[PDB]
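Participant: Just so it is clear, I am handing over entry35.csv, which has CSV, C-alpha atoms.
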chain,number,residue,atom,x,y,z
A,1,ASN,CA,13.2,-13.5,35.6
A,2,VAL,CA,15.2,-15.6,38.0
A,3,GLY,CA,18.9,-16.3,38.2
A,4,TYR,CA,22.1,-17.0,40.1
A,5,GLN,CA,23.5,-13.5,40.7
A,6,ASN,CA,25.5,-14.1,43.9
A,7,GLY,CA,22.9,-16.5,45.4
A,8,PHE,CA,19.3,-16.6,44.5
A,9,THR,CA,17.6,-13.7,42.8
A,10,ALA,CA,14.3,-13.1,41.1
A,11,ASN,CA,12.3,-10.1,39.7
A,12,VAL,CA,8.7,-9.5,38.5
A,13,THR,CA,8.2,-6.4,36.3
A,14,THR,CA,5.0,-5.1,34.8
A,15,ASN,CA,4.5,-2.2,32.4
A,16,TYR,CA,1.9,-0.4,30.3
A,17,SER,CA,1.9,2.5,27.9
A,18,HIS,CA,-0.4,4.7,25.8
A,19,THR,CA,0.1,6.4,22.5
A,20,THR,CA,-1.7,9.2,20.6
A,21,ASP,CA,-0.8,10.0,17.0
A,22,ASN,CA,-1.8,12.2,14.1
A,23,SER,CA,-0.5,12.8,10.6
A,24,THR,CA,-1.2,14.7,7.3
A,25,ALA,CA,-0.2,14.2,3.7
A,26,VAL,CA,-0.8,15.7,0.2
A,27,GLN,CA,-0.5,14.1,-3.3
A,28,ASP,CA,-0.2,15.3,-6.9
A,29,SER,CA,-0.5,13.8,-10.4
A,30,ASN,CA,0.1,14.9,-14.0
A,31,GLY,CA,0.0,12.5,-16.9
A,32,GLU,CA,-0.4,12.2,-20.7
A,33,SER,CA,-2.2,9.7,-23.0
A,34,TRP,CA,-2.1,8.6,-26.6
A,35,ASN,CA,-4.4,6.4,-28.7
A,36,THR,CA,-4.9,5.4,-32.4
A,37,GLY,CA,-7.6,3.4,-34.0
A,38,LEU,CA,-8.7,1.5,-37.2
A,39,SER,CA,-12.0,0.2,-38.4
A,40,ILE,CA,-13.3,-1.9,-41.3
A,41,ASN,CA,-16.6,-3.2,-42.8
A,42,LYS,CA,-16.4,-6.6,-44.5
A,43,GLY,CA,-18.8,-6.3,-47.5
A,44,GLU,CA,-18.8,-3.0,-49.3
A,45,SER,CA,-15.1,-3.0,-48.4
A,46,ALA,CA,-13.9,-1.5,-51.6
A,47,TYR,CA,-15.0,0.5,-54.6
A,48,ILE,CA,-13.9,0.3,-58.2
A,49,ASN,CA,-14.0,2.2,-61.5
B,1,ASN,CA,8.7,-3.8,39.5
B,2,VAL,CA,9.2,-5.6,42.8
B,3,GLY,CA,11.3,-8.6,43.5
B,4,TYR,CA,14.1,-10.2,45.5
B,5,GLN,CA,17.8,-9.3,45.4
B,6,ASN,CA,19.4,-9.9,48.9
B,7,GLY,CA,16.2,-8.7,50.4
B,8,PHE,CA,13.2,-6.7,49.2
B,9,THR,CA,13.6,-4.6,46.0
B,10,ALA,CA,11.2,-2.2,44.4
B,11,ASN,CA,11.1,0.5,41.7
B,12,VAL,CA,8.6,2.7,39.9
B,13,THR,CA,9.3,4.3,36.6
B,14,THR,CA,7.5,6.8,34.4
B,15,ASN,CA,8.4,7.5,30.8
B,16,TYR,CA,7.3,9.9,28.0
B,17,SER,CA,8.5,11.0,24.6
B,18,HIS,CA,7.6,13.0,21.5
B,19,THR,CA,8.4,12.2,17.8
B,20,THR,CA,8.2,14.1,14.6
B,21,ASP,CA,9.0,13.0,11.1
B,22,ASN,CA,8.7,14.1,7.4
B,23,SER,CA,8.9,12.3,4.1
B,24,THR,CA,8.8,12.6,0.3
B,25,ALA,CA,7.9,10.2,-2.4
B,26,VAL,CA,8.2,10.3,-6.2
B,27,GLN,CA,6.6,7.7,-8.5
B,28,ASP,CA,6.9,7.2,-12.3
B,29,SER,CA,4.6,5.2,-14.5
B,30,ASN,CA,4.6,3.8,-18.1
B,31,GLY,CA,2.5,1.3,-19.9
B,32,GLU,CA,0.8,0.1,-23.1
B,33,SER,CA,-2.6,-1.4,-24.0
B,34,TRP,CA,-4.3,-3.2,-26.9
B,35,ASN,CA,-7.9,-3.7,-27.8
B,36,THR,CA,-9.7,-5.7,-30.5
B,37,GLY,CA,-13.4,-5.7,-31.4
B,38,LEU,CA,-16.1,-7.4,-33.4
B,39,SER,CA,-19.8,-6.7,-34.1
B,40,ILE,CA,-22.6,-8.2,-36.2
B,41,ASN,CA,-26.3,-7.5,-37.0
B,42,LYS,CA,-28.6,-10.5,-36.8
B,43,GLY,CA,-31.0,-9.7,-39.6
B,44,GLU,CA,-29.6,-8.5,-42.9
B,45,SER,CA,-26.5,-10.6,-41.9
B,46,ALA,CA,-25.2,-11.4,-45.4
B,47,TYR,CA,-25.8,-10.2,-48.9
B,48,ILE,CA,-25.9,-12.8,-51.7
B,49,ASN,CA,-25.8,-12.8,-55.5
Hey, can you dump this file as structure tokens for me?

Facilitator:
Amino acid sequence: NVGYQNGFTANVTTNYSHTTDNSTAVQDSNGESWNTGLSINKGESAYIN
Amino acid sequence: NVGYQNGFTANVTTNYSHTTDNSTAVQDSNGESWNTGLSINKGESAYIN
């Protein structure tokens, strides 16, 4: 960066950084389910008397 | 960083830090489904009279 801060001024900055990281989690689940069902057979679909 | 401000300027910085965090999450779920179905037998496909 350069600029006019009471005359000329200028600066050169450099930087570098390093990270380590570690984490942990758990998870649950509990659920229900329903179902129905129908079926048919066309031909011999009914009886009589 | 080095640079110019009314002469020579220099600085050297070090920096370090530590972070910890914890979190929860709760998720509901609801849904429906439908299903149709067909079958046939090639060979003795249809009875006649």

Participant: Kindly provide, as a ChimeraX atom specification, the residues of chain B having any atom no farther than 7 Å from an atom of chain A, counting only C-alpha atoms.

Facilitator: /B:1-5

Participant: State, in Å with one decimal place, the distance from atom CA of residue B:32 to atom CA of residue A:42.

Facilitator: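 These two atoms are separated by 28.3 Å.
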
Participant: Go ahead and compute the interatomic distance for atom CA of residue B:40 and atom CA of residue A:48, in Å to one decimal.

Facilitator: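 It comes out at 25.1 Å.
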